[PDB]
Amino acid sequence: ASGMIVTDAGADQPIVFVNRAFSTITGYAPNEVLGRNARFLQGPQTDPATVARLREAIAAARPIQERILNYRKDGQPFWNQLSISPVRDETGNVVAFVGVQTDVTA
């Protein structure tokens, strides 16, 4: 089952909602992640070029897919097939971002 993260559009995209699969994949409870930027999932072996592409895509409210090395709460590394999309109203205003995580380590 794939993880889902919903963030606010502005102010460095704090997490406002996660599904159960997010906790199964990452080992973090909703309480531990609400109000934080998702970058706590990253660690020393995370590819900086991948992080840079995410940073530019989110700043421009452009959809992006990346395979990124993340870390469970306990520090266990996993490969995250990550898809981020802006949520827009019909006037083009960005209301939120939605992220989908798949553990593709295996």
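Counting begins at 1, following the sequence as shown.
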Query - Comparing 7 to 15 with 88 to 96, the one whose average Cα B-factor in the PDB entry is higher - result: 88 to 96
Report summary line: Split the chain's modelled residues into thirds by Cα B-factor; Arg67 lands in the highest
**Report entry** Third assignment of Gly35 from its chain's C-alpha B-factors
**Finding:** lowest
Query - Chain-wide C-alpha B factor ranking for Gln81, given as lowest, middle or highest third - result: middle
Query - Third of the chain's Cα B-factor distribution that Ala29 belongs to, per the entry - result: highest
Requested in this report: Within this chain's modelled residues, let me know which third the CA B factor of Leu54 belongs to: lowest, middle or highest.
Outcome: lowest
